[PDB]
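Undergrad: Sharing a structure here in structure tokens format.
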Amino acid sequence: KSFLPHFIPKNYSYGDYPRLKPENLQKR
Amino acid sequence: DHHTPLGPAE
Amino acid sequence: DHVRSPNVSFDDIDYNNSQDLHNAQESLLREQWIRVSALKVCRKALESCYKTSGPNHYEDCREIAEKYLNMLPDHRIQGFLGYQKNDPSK
Amino acid sequence: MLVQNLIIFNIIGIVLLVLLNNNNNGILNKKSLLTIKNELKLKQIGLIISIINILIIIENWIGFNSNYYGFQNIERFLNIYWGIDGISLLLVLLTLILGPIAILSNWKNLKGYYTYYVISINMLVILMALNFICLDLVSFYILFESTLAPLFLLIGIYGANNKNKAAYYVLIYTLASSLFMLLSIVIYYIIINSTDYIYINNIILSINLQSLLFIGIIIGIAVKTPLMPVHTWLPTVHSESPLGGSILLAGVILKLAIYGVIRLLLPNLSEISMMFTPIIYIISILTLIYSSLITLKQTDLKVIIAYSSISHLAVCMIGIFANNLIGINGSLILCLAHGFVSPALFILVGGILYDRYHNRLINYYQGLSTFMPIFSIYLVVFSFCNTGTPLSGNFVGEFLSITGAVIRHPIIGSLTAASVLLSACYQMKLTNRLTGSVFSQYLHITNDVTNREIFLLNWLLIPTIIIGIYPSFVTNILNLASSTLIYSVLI
Amino acid sequence: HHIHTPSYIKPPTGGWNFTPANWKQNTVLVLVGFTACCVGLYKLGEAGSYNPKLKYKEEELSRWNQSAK
Amino acid sequence: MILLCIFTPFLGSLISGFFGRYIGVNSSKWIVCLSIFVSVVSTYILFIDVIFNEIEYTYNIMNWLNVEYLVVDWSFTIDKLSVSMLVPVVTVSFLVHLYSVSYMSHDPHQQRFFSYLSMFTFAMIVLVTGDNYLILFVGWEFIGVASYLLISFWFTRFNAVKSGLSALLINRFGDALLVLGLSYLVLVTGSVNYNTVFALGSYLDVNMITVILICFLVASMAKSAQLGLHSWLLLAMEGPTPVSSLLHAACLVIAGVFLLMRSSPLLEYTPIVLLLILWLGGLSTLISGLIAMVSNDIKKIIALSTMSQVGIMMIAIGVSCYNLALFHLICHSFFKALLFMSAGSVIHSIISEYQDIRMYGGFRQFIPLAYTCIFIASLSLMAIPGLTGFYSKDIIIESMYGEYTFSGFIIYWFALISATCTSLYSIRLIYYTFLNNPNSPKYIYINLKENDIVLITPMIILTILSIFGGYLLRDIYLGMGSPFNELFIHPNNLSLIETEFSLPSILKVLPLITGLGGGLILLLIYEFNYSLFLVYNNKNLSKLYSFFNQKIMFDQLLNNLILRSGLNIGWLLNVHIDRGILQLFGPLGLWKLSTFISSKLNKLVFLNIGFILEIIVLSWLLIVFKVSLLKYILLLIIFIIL
Amino acid sequence: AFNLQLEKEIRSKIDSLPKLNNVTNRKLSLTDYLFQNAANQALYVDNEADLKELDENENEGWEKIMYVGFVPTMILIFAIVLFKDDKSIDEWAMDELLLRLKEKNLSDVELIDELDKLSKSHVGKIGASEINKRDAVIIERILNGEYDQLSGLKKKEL
Ligand SMILES: CCCCCCCCCCCCCCCCCC(=O)OC[C@H](COP(=O)(O)OCCN)OC(=O)CCCCCCCCCCCCCCCCC
Ligand SMILES: CCCCCCCCCCCC(=O)OC[C@H](COP(=O)(O)OCC[N+](C)(C)C)OC(=O)CCCCCCCCCCC
Ligand SMILES: CCCCCCCCCCCC(=O)OC[C@H](COP(=O)(O)OCC[N+](C)(C)C)OC(=O)CCCCCCCCCCC
Ligand SMILES: CCCCCCCCCCCC(=O)OC[C@H](COP(=O)(O)OCC[N+](C)(C)C)OC(=O)CCCCCCCCCCC
Ligand SMILES: CCCCCCCCCCCC(=O)OC[C@H](COP(=O)(O)OCC[N+](C)(C)C)OC(=O)CCCCCCCCCCC
């Protein structure tokens, strides 16, 4: 079915910024 | 009909 | 009135004379703009010849077109710094 | 009859405002009448001062001869010689025009101290205008860096949340780099005993020394245009400085680097400018391409406008370093056109949206044409002007700069044509978002563009269209002055 | 029908089906002005237009080519 | 006469744009229609004076650019080529404007729509009437500007907003190459005037001409929606139907064809570009036809038909048949506009305003007048003999075989399949909308009625022009020896004889047999054996249907790969360069360096006799040491800072 | 007009209302900002804050300055670029080329006739244009003669 676009990182660590699963709002 | 009223005079 | 160019060459002046050097720079620039004016007049002949000739523009405007392409590489503003600072003879 | 009248009148103007506002400061606990209505009578006097400054250069413009080679209106003042030619005349007019526009932009959006702001703005306008009419390197550098002191305090006092960081960036980036330019100026005064424009243009230095002098001067210039990779200060300064500071910085200061190339590099270091031209093109092309792509990822409204100025001035640097009249004229035309469109984009972003919602994040704005139609009309029109659409002065400047670049270097100069696509990519993506879709759910309906903001946008749009449709108003003045900067020996 | 907030939203192009009460009076004022511009354009066009294929005789072109040689 | 023809449409745009509030919706629409009609009549007068009397009109407003040898003026010329382009432009624009009066009657923003619609007409007039390439570029850019404002007219709709941006940015890609081509033109010839550049075509280097016209070719593909720059064409369907009718008939979509025909004197001396144009047009004709046979939106099918027909003009250009391309361009502007108008009439007739043909069916009896306009336009599109399309399209397909080269033979098959598909999707579109069993609810059919006379009137005028127009104008453009010096054909490239005589008699009727005969086979299968087309059963058919229904997956490839990577490059530049290394070599890195160095120096300042005494005694070693050791001391000092 | 008694009447009405946030014929002369004493000045300011509190985007104090000083100034700039006797270097070079045409071919009767009837405003319009004028011989002589003296200034060659 749906899949994320390219160049979307699996992980990130920007200090204390919340870490949430990348979601494409177009597919909502 | 739609009978759209005319607006204020310009 | 129409002021004319004070014809002065870099080869017949002393650069220590600031007035003579100023005239040589101006004289070279004014001669280069005359070439551009001549190029535009020659191009006007090519434009007029092309329209009236129609399918005969290759033959009727052959010499005019050849003249335009030869003058184009050098009928442009070149400045004075190049010739002022360089001696072709050396 | 120019510099003497301009300095004396403005100094008297500065004294007049100081005497009136600071007379009752002696712990009087007073109310006074000059301070009524946010010091209206003190803002009005400063606005009148800016208008009179324009009339001063117009009187000298009437006597300007476009068929005369060399500097005109030569004048001795403060042991300094001052003169005007075709290139200097137009840049002075642009600087003085933005005077009243910058003051009118912050008419009633400052928290206080309007008199200090008005004096600082007028001081900056005159100092930058004087920098176009000085006739030696030392006088050029004095006015080049004198503007830092009023600008550093102006940003640090009237700035946004990060004004402290922005004040450090502008002060240190523009001084540490200009000091390298001072070294080249000092070298000129050591080996030639003079820094006069005419005197140093006739002297040919060794090819190694010209390389050293060019690098020292270009560091100060490249930081000020700005060029990559010394450009990071500019987005920070624009995003935090007041609107009037942004107008002067985007409209005048960034044009001093292009004028600096005209005075300090082309006529005195002509041989080394030809050698450095491929390097300058590579830096400017990458500056143009990278800045456009970086702009696509920005979220701050005013930062997007700041990066757009970097890409346009890269074209100006490319055009001005072309060794033909087409590229040189186009670079000068684009500088004048950018001097009007760029402040307008800051006015639309940092003066209209910010003065109502006070947030510069892009996520809060969409569908603004529903309740702000007048704003959207100017936003769309100025967006097309910024992208080089014809009938605007930017197109005339960009096309001639690109054409001159191709004439100078057909292979790599062709890459300058990417500005036509890249500029439309980031500018329209911003404009398409601000006008498309439904009105933002995070915004409350409020007033549209007021009469004061209409005046600012209209009188910045008018010069752009006039130059775009009939640029011969500008070309006729520039043709004789610009033809002197070309270095070529055709045999 | 709906609510368009026309009290303050007054774009140059109308704002959601706008027609002033005095639309007939302004329409005549526009038609006369529009007609006064087409005639002015016609007079300017006729007096300024020319035929680029007739401004020079072919004999004149022959002399231009021979001199350009 | 020339000034009235050109700038009158601009007056209508200004009147509705700024005075539309003060005159109302109805008067704004008709005044704009009046302004276009004045240009229509003035164009027809000039067409007789220019084409038949061999007269030219030139108006020079003022000088634009006067930079040394580069002189550009605000001049407009009306020659045979310009007035030939004006007839499709102004006439269809007026009929679309007349069509737009009743089609947009329920829109709250009609004044702005007509302001944008008339502005587009003025921009296109400037494009074809300028006497130099820069004046052409002015119309070239404002064509994209007006189209951007028209596709995204309903700016409250997300899809329309993003579709308008897609059309603008892709067209700006061509504009970037167009600027580069003009710059090279100034580099080589020092001018952009038609009278100057076209007089030097035979004397210029072939490599120089190729570079200029390669830039022209790239710009043409964006406007004409050829292969590689065609995704925006289907996204243009987000705008109102009058926009699509005007856009895809005698407007921006045809701008790319005009640019190559204008540059014919230069284009004849670079045969390699002609080879590229021939293949690019041939590939686009084959691809467009295949996609249109598995498409469901009624406007998408017609839009794909426009792309297929424009490619037919390109292959005519590729074989140096500029007269063939121009004549098919004029004829196509008439019956293709009729298809869009009648398609929009079907959408308005149905109460639900559905646009999918799968929800249509049995409309033939309920709306016969719209069906006849579609039926006549379809036959004209299918090059049925006797109609306008037959005299304009059938000759181009013949010219491919008549070229008698390897490329021409291959393109002939691509054009032949394109012609076969042209009849196939026309029958398929008609059957689903008018002849299929009803799919929409019964409540739709009891309220299904034809539209008003105002909508009908332009369609009838176009319908008659779609029957007799091509026959009357064939000799002007396709006649042998007809003087059209504006379009230059080299003597070595005249193949109108080998195309007309040497062709086998079978090839003269082969497109007709595959069209009508192939269409009958498709019609019989649909009516009686529809179980064949239940393609969801077969796996290969499902993939094949999906591949062409998704338009050769080009939209997915363009977005998921090209656009995403271009945005990620900016992200990489922003993260690793702008916010990265330039901050390490900047304020952030220098702050950490300053903090480390200043912390060490803060511990060196304290009141202690022993500390200062040792430093003073240590400095005595500088006197003792030979000076050549100073740099070693300098390295030692830095080591202690660590 | 300061009208000190007007502030006394105004202040009393404000003082009559102990509550706040719950006249048109008033102005100030230029001498009011400098010659008024402390007692009179303080009364105006206290009223102004309270009167403003009792409350679009008009009468901000810039309209008269910009429309009398700035807008006419821009008109003057527009007039200068339009109606100033400025001879650009390219315009000068065109006249010089025709002047050198006369000074080199003074024996050509046909050339002098066209030049005399070629008006100054039409000097720079040589070529095909809307103006009915005779300049074919003028163009022909230029096509045959190089009237520039650039080689004369370059007296040194390779
Ligand atoms: C929204 C903000 C407001 C901006 C909107 C309005 C912008 C208007 C822009 C106008 C710019 C000024 C151009 C006109 C200035 C006059 C030009 C001129 O100096 O005259 C040149 C020409 C002949 O030159 P010459 O023989 O030297 O005469 C000089 C006598 N002193 O003499 C002439 O022939 C005069 C011709 C006058 C033409 C009137 C203007 C017509 C409209 C512009 C035409 C441009 C071409 C069409 C562009 C549309 C797109 C195709
Ligand atoms: C062209 C040559 C000009 C040089 C002289 C300029 C004037 C100097 C200041 C003296 C008067 C003064 O300090 O007065 C202060 C004035 C008036 O501000 P205010 O809001 O009324 O003051 C506040 C009092 N309130 C709150 C009661 C109203 O503000 C200024 O400081 C403006 C001028 C200085 C701007 C730049 C400062 C840094 C200069 C660095 C130089 C390299
Ligand atoms: C040749 C072209 C030269 C161009 C300019 C050179 C770089 C200028 C950097 C701006 C610094 C600034 O603005 O100083 C202010 C910054 C503040 O840092 P901040 O932004 O608040 O973040 C950092 C703070 N934190 C981490 C708390 C958020 O303090 C510094 O960094 C102090 C050191 C600056 C020394 C600069 C000397 C440059 C020497 C000459 C070049 C070799
Ligand atoms: C050669 C160039 C000539 C250009 C002159 C053409 C006439 C100008 C008409 C302006 C009025 C108008 O249409 O803009 C304003 C109209 C008003 O909306 P409305 O339809 O009245 O409904 C009102 C309903 N709202 C409020 C929901 C919209 O739309 C807009 O806010 C659209 C925003 C972008 C406007 C783009 C203007 C055109 C840009 C041109 C770039 C060169
Ligand atoms: C028969 C004659 C045919 C020709 C007709 C000519 C009509 C001229 C226009 C008159 C109306 C007018 O100037 O409108 C001005 C308009 C209308 O808004 P406003 O006036 O500010 O009111 C709103 C403010 N309020 C609420 C305070 C009252 O302002 C604008 O936003 C105009 C922005 C410019 C749009 C066009 C830019 C074009 C750029 C490129 C140019 C080639």
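Letters A, B, ... mark the chains of the structure tokens in the order given; residue numbers begin at 1 per chain; ligand numbers begin at 1, in order shown.
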Give me the residues of chain D that have any atom at most 6 Å from an atom of ligand 5; for each, the nearest atom pair and the distance in Å, rounded to one decimal. Use only C-alpha atoms and all ligand atoms, sort by chain and number, and format it as a Markdown table.
TA:
| residue | atom | partner | partner_atom_place_in_ligand_line | distance |
| --- | --- | --- | --- | --- |
| D:374 | CA | ligand 5 | 31 (O) | 4.8 |
| D:377 | CA | ligand 5 | 33 (C) | 5.9 |
| D:378 | CA | ligand 5 | 33 (C) | 5.8 |
| D:450 | CA | ligand 5 | 27 (C) | 5.8 |
| D:451 | CA | ligand 5 | 27 (C) | 5.6 |
Undergrad: Please produce a file of those selected residues containing N, CA, C and O atoms, as a PDB file, in the first residue's frame.
TA:
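Generated output (part_31.pdb):
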ATOM      1  N   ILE D 374      -6.080  43.335  -1.608  1.00  0.00           N
ATOM      2  CA  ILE D 374      -5.111  44.351  -2.011  1.00  0.00           C
ATOM      3  C   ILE D 374      -3.693  43.878  -1.723  1.00  0.00           C
ATOM      4  O   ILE D 374      -2.771  44.105  -2.517  1.00  0.00           O
ATOM      5  N   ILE D 377      -2.637  41.326  -4.425  1.00  0.00           N
ATOM      6  CA  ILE D 377      -2.348  41.916  -5.732  1.00  0.00           C
ATOM      7  C   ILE D 377      -0.896  42.373  -5.794  1.00  0.00           C
ATOM      8  O   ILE D 377      -0.158  42.046  -6.730  1.00  0.00           O
ATOM      9  N   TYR D 378      -0.466  43.137  -4.787  1.00  0.00           N
ATOM     10  CA  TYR D 378       0.918  43.596  -4.748  1.00  0.00           C
ATOM     11  C   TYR D 378       1.884  42.435  -4.552  1.00  0.00           C
ATOM     12  O   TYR D 378       2.977  42.426  -5.129  1.00  0.00           O
ATOM     13  N   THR D 450      -3.253  49.318   4.399  1.00  0.00           N
ATOM     14  CA  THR D 450      -3.712  50.671   4.670  1.00  0.00           C
ATOM     15  C   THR D 450      -3.142  51.642   3.637  1.00  0.00           C
ATOM     16  O   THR D 450      -2.357  51.272   2.761  1.00  0.00           O
ATOM     17  N   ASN D 451      -3.546  52.910   3.747  1.00  0.00           N
ATOM     18  CA  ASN D 451      -3.091  53.920   2.796  1.00  0.00           C
ATOM     19  C   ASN D 451      -1.581  54.113   2.865  1.00  0.00           C
ATOM     20  O   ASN D 451      -0.923  54.278   1.831  1.00  0.00           O
TER      21      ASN D 451
END
Undergrad: Distance limit 8 Å, reference ligand 4, atoms considered: only C-alpha atoms and all ligand atoms. Which residues make the cut? Give them as an NGL selection string.
TA: (:D and (369-374 or 376-381 or 384 or 435)) or (:E and (9-16)) or (:F and (10 or 13-18 or 21 or 108-113 or 115-116 or 119 or 123 or 142 or 145-146 or 149))
Undergrad: Based on the selection just made, write N, CA and C atoms of those residues as a tab-separated table (two decimals), in the first residue's frame.
TA:
chain	number	residue	atom	x	y	z
D	369	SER	N	-5.64	35.82	0.11
D	369	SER	CA	-6.40	36.59	-0.86
D	369	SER	C	-7.88	36.66	-0.53
D	370	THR	N	-8.36	35.85	0.41
D	370	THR	CA	-9.78	35.84	0.75
D	370	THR	C	-10.19	37.11	1.48
D	371	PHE	N	-9.39	37.54	2.46
D	371	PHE	CA	-9.71	38.73	3.23
D	371	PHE	C	-8.68	39.85	3.07
D	372	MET	N	-7.62	39.63	2.29
D	372	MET	CA	-6.63	40.67	2.00
D	372	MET	C	-6.37	40.69	0.50
D	373	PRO	N	-7.35	41.13	-0.30
D	373	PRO	CA	-7.15	41.14	-1.76
D	373	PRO	C	-6.11	42.14	-2.21
D	374	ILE	N	-6.08	43.33	-1.61
D	374	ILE	CA	-5.11	44.35	-2.01
D	374	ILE	C	-3.69	43.88	-1.72
D	376	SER	N	-2.67	40.77	-1.70
D	376	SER	CA	-2.32	39.70	-2.63
D	376	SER	C	-1.98	40.24	-4.01
D	377	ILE	N	-2.64	41.33	-4.42
D	377	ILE	CA	-2.35	41.92	-5.73
D	377	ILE	C	-0.90	42.37	-5.79
D	378	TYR	N	-0.47	43.14	-4.79
D	378	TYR	CA	0.92	43.60	-4.75
D	378	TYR	C	1.88	42.43	-4.55
D	379	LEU	N	1.50	41.45	-3.74
D	379	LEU	CA	2.37	40.30	-3.50
D	379	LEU	C	2.62	39.52	-4.79
D	380	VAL	N	1.57	39.32	-5.59
D	380	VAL	CA	1.73	38.59	-6.84
D	380	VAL	C	2.53	39.40	-7.84
D	381	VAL	N	2.23	40.70	-7.96
D	381	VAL	CA	2.93	41.54	-8.94
D	381	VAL	C	4.41	41.63	-8.60
D	384	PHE	N	6.32	38.39	-9.41
D	384	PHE	CA	6.70	38.24	-10.81
D	384	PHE	C	7.85	39.17	-11.17
D	435	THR	N	-1.28	32.68	-1.18
D	435	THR	CA	-2.55	33.04	-1.81
D	435	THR	C	-3.48	31.86	-2.04
E	9	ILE	N	-14.55	43.95	2.53
E	9	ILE	CA	-13.85	43.31	1.41
E	9	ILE	C	-14.37	43.89	0.11
E	10	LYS	N	-13.62	44.82	-0.48
E	10	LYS	CA	-14.01	45.50	-1.71
E	10	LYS	C	-12.87	45.41	-2.72
E	11	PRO	N	-12.71	44.26	-3.37
E	11	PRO	CA	-11.65	44.12	-4.38
E	11	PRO	C	-12.00	44.88	-5.64
E	12	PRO	N	-11.01	45.18	-6.49
E	12	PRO	CA	-11.30	45.87	-7.75
E	12	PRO	C	-12.21	45.09	-8.69
E	13	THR	N	-12.26	43.76	-8.52
E	13	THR	CA	-13.02	42.90	-9.42
E	13	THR	C	-14.35	42.44	-8.84
E	14	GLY	N	-14.77	42.96	-7.69
E	14	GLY	CA	-16.14	42.78	-7.24
E	14	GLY	C	-16.37	42.08	-5.91
E	15	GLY	N	-15.71	40.96	-5.65
E	15	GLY	CA	-15.98	40.30	-4.38
E	15	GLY	C	-17.31	39.58	-4.25
E	16	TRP	N	-17.42	38.39	-4.87
E	16	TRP	CA	-18.58	37.52	-4.73
E	16	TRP	C	-19.87	38.09	-5.30
F	10	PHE	N	-6.30	44.21	-24.51
F	10	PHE	CA	-5.73	44.71	-23.27
F	10	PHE	C	-6.68	45.68	-22.58
F	13	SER	N	-9.28	43.72	-20.60
F	13	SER	CA	-8.72	43.19	-19.36
F	13	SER	C	-8.63	44.27	-18.29
F	14	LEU	N	-8.19	45.47	-18.67
F	14	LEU	CA	-8.09	46.57	-17.71
F	14	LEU	C	-9.46	47.00	-17.21
F	15	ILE	N	-10.44	47.05	-18.11
F	15	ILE	CA	-11.78	47.52	-17.74
F	15	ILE	C	-12.41	46.57	-16.73
F	16	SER	N	-12.38	45.27	-17.01
F	16	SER	CA	-12.95	44.31	-16.07
F	16	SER	C	-12.10	44.18	-14.82
F	17	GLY	N	-10.78	44.30	-14.95
F	17	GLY	CA	-9.91	44.13	-13.80
F	17	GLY	C	-10.08	45.22	-12.75
F	18	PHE	N	-10.16	46.47	-13.18
F	18	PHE	CA	-10.19	47.59	-12.25
F	18	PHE	C	-11.52	48.33	-12.20
F	21	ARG	N	-15.83	46.20	-10.63
F	21	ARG	CA	-16.62	46.44	-9.43
F	21	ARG	C	-17.68	47.50	-9.66
F	108	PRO	N	-19.04	33.10	-8.57
F	108	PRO	CA	-19.06	34.38	-7.85
F	108	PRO	C	-18.00	35.37	-8.30
F	109	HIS	N	-17.02	34.95	-9.11
F	109	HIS	CA	-15.90	35.81	-9.45
F	109	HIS	C	-15.73	35.93	-10.96
F	110	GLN	N	-16.83	36.22	-11.66
F	110	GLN	CA	-16.81	36.27	-13.12
F	110	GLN	C	-15.97	37.43	-13.64
F	111	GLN	N	-15.97	38.56	-12.94
F	111	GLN	CA	-15.22	39.72	-13.42
F	111	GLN	C	-13.73	39.43	-13.50
F	112	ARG	N	-13.18	38.78	-12.47
F	112	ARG	CA	-11.76	38.44	-12.49
F	112	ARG	C	-11.45	37.40	-13.56
F	113	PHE	N	-12.36	36.44	-13.76
F	113	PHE	CA	-12.14	35.39	-14.75
F	113	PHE	C	-12.01	35.98	-16.15
F	115	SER	N	-11.17	39.08	-16.79
F	115	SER	CA	-9.95	39.88	-16.80
F	115	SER	C	-8.73	39.02	-17.11
F	116	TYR	N	-8.65	37.83	-16.51
F	116	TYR	CA	-7.55	36.92	-16.81
F	116	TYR	C	-7.68	36.34	-18.21
F	119	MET	N	-6.65	38.93	-20.74
F	119	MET	CA	-5.22	39.18	-20.62
F	119	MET	C	-4.42	38.10	-21.34
F	123	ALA	N	-1.75	38.60	-24.38
F	123	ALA	CA	-0.39	38.07	-24.30
F	123	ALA	C	-0.05	37.23	-25.52
F	142	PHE	N	4.14	36.15	-20.30
F	142	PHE	CA	2.83	36.50	-19.78
F	142	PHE	C	1.78	35.47	-20.16
F	145	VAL	N	2.06	33.39	-17.22
F	145	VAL	CA	1.51	34.13	-16.08
F	145	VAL	C	-0.01	34.06	-16.09
F	146	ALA	N	-0.62	34.37	-17.24
F	146	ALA	CA	-2.07	34.34	-17.33
F	146	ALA	C	-2.61	32.92	-17.17
F	149	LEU	N	-2.71	32.06	-13.52
F	149	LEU	CA	-3.85	32.67	-12.86
F	149	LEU	C	-5.17	32.05	-13.29
Undergrad: Please provide the set of residues having any atom within 7 Å of residue 391 in chain F, restricted to only C-alpha atoms, with same-chain residues fewer than 4 positions apart removed, written as number ranges by chain.
TA: F: 387, 395, 470-471, 474
Undergrad: Between chain G and ligand 1, at 6 Å or less, what are the per-residue closest atom pairs and their distances in Å? Count only C-alpha atoms and all ligand atoms, order by chain and rising residue number, and return it as JSON lines.
TA:
{"residue": "G:82", "atom": "CA", "partner": "ligand 1", "partner_atom_place_in_ligand_line": "19 (O)", "distance": 5.6}
{"residue": "G:83", "atom": "CA", "partner": "ligand 1", "partner_atom_place_in_ligand_line": "31 (N)", "distance": 5.5}
{"residue": "G:121", "atom": "CA", "partner": "ligand 1", "partner_atom_place_in_ligand_line": "26 (O)", "distance": 5.9}
Undergrad: Since we have the selection now, will you write its residues out, keeping N, CA and C atoms, as a PDB file, in the first residue's frame?
TA:
ATOM      1  N   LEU G  82      12.709  62.724 -19.104  1.00  0.00           N
ATOM      2  CA  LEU G  82      11.885  62.888 -20.296  1.00  0.00           C
ATOM      3  C   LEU G  82      12.295  64.095 -21.136  1.00  0.00           C
ATOM      4  N   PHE G  83      12.395  65.271 -20.521  1.00  0.00           N
ATOM      5  CA  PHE G  83      12.529  66.530 -21.246  1.00  0.00           C
ATOM      6  C   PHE G  83      13.806  67.273 -20.871  1.00  0.00           C
ATOM      7  N   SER G 121      15.581  65.833 -35.358  1.00  0.00           N
ATOM      8  CA  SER G 121      14.792  64.807 -34.689  1.00  0.00           C
ATOM      9  C   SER G 121      14.739  63.511 -35.486  1.00  0.00           C
TER      10      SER G 121
END
Undergrad: Just want the residues within 9 Å of ligand 2, written as a VMD selection string, counting only C-alpha atoms and all ligand atoms.
TA: chain D and resid 7 to 8 10 to 11 14 to 15 17 to 26 35 39 112 to 121 123 to 124 126 to 127 146 to 154
Undergrad: Please return as a VMD selection string the residues found within 10 Å of ligand 3, counting only C-alpha atoms and all ligand atoms.
TA: (chain D and resid 162 164 to 180 216 218 to 224 229 to 233 236) or (chain F and resid 582 to 583 585 to 595)
Undergrad: For residue 3 in chain B, please output as a short mmCIF file (atom, residue, chain, number, x, y, z; two decimals) with C-alpha atoms, in the first residue's frame all residues within 12 Å (counting only C-alpha atoms; exclusion window: fewer than 3 positions along the same chain).
TA:
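Saved as part.cif:
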data_model
loop_
_atom_site.label_atom_id
_atom_site.label_comp_id
_atom_site.auth_asym_id
_atom_site.auth_seq_id
_atom_site.Cartn_x
_atom_site.Cartn_y
_atom_site.Cartn_z
CA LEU B 6 -27.42 45.01 -5.98
CA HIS E 1 -27.77 32.58 -0.11
CA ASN E 17 -21.15 38.62 -7.34
CA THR E 19 -23.12 44.80 -8.95
#
Undergrad: Could you please determine the separation between CA of residue 320 in chain D and CA of residue 239 in chain D in Å, to one decimal place?
TA: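 Straight-line distance from CA of residue 320 in chain D to CA of residue 239 in chain D works out to 28.1 Å.
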Undergrad: Taking only C-alpha atoms into account, name the residue in F:233, F:104, F:23, F:31 that is nearest to residue 7 in chain B.
TA: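 Closest to residue 7 in chain B, using only C-alpha atoms: F:23.
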Undergrad: For the interface of chain E with chain C (cut-off 9 Å, counting only C-alpha atoms), please tabulate each contacting residue of chain E alongside its nearest pair of atoms and their separation in Å to one decimal, rows sorted by chain and increasing number, as JSON lines.
TA:
{"residue": "E:52", "atom": "CA", "partner": "C:51", "partner_atom": "CA", "distance": 6.5}
{"residue": "E:53", "atom": "CA", "partner": "C:52", "partner_atom": "CA", "distance": 4.5}
{"residue": "E:54", "atom": "CA", "partner": "C:52", "partner_atom": "CA", "distance": 6.8}
{"residue": "E:55", "atom": "CA", "partner": "C:48", "partner_atom": "CA", "distance": 7.9}
{"residue": "E:56", "atom": "CA", "partner": "C:48", "partner_atom": "CA", "distance": 7.3}
{"residue": "E:57", "atom": "CA", "partner": "C:52", "partner_atom": "CA", "distance": 8.0}
{"residue": "E:58", "atom": "CA", "partner": "C:52", "partner_atom": "CA", "distance": 7.3}
{"residue": "E:61", "atom": "CA", "partner": "C:49", "partner_atom": "CA", "distance": 6.1}
{"residue": "E:62", "atom": "CA", "partner": "C:60", "partner_atom": "CA", "distance": 7.0}
{"residue": "E:64", "atom": "CA", "partner": "C:45", "partner_atom": "CA", "distance": 7.4}
{"residue": "E:65", "atom": "CA", "partner": "C:63", "partner_atom": "CA", "distance": 5.6}
{"residue": "E:66", "atom": "CA", "partner": "C:63", "partner_atom": "CA", "distance": 7.4}
{"residue": "E:67", "atom": "CA", "partner": "C:63", "partner_atom": "CA", "distance": 8.6}
{"residue": "E:68", "atom": "CA", "partner": "C:64", "partner_atom": "CA", "distance": 5.5}
{"residue": "E:69", "atom": "CA", "partner": "C:63", "partner_atom": "CA", "distance": 5.3}
Undergrad: Can you list, as a PyMOL selection string, every protein, DNA or RNA residue that comes within 7 Å of range 347-353 of chain F when you count only C-alpha atoms, leaving out same-chain residues fewer than 3 positions away?
TA: chain F and resi 343-344+444+448-451
Undergrad: Which neighbours of residue 11 in chain A fall inside 10 Å, counting only C-alpha atoms, when residues of the same chain fewer than 3 positions from it are skipped, and could you give them as a PyMOL selection string?
TA: chain A and resi 8+19-22
